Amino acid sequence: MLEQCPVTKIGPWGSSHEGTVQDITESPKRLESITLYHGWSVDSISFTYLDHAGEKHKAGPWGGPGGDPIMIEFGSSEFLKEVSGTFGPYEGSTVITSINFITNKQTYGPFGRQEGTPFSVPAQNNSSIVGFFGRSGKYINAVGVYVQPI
């Protein structure tokens, strides 16, 4: 139905310009899973999506090698409604310090440490977050979203 609609790219949030640019080269239509490595920090993000041609891809990891993973598997009627968190300085760079994933079914997080400036990306009504882009190094410097009608 709405899976054919074009996606909207919005963001990123966090560091204005630090880190290696990370993005995807197909248009995401469905978010299948996220793997986030975390502890006291938000270490890396990965995610699997279906594109608008129905092909599956895994992006990431974007970030460094620390932390322990959580894998969030989207249920068949589960969609991502909001990403939120905090960002702030660490060792001379601005990093995402905490992150939180709010679906229509559950909240996963917060992961990392709730310190610095808050950010939030809420998709309303007929909108869901289907993929990410951003900048990273040892941690995640900035993150943005792709948003699709559902």
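So that there is no doubt, residue numbering starts at 1 and follows the sequence shown.
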{"property": "Of 89-97 and 50-58, the stretch whose C-alpha atoms average the higher B-factor in the entry", "result": "89-97"}
{"property": "Of 28-36 and 62-70, the stretch whose C-alpha atoms average the higher B-factor in the entry", "result": "62-70"}
{"property": "Assigned third (lowest, middle, highest) for the C-alpha B factor of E82", "result": "lowest"}
{"property": "Ranked against its chain, the third holding the CA B-factor of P149", "result": "highest"}
{"property": "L2 CA temperature factor, ranked by third within the chain", "result": "highest"}
{"property": "CA B-factor ranking of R135, expressed as a third of its chain", "result": "middle"}
{"property": "Ranked against its chain, the third holding the CA B-factor of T103", "result": "lowest"}
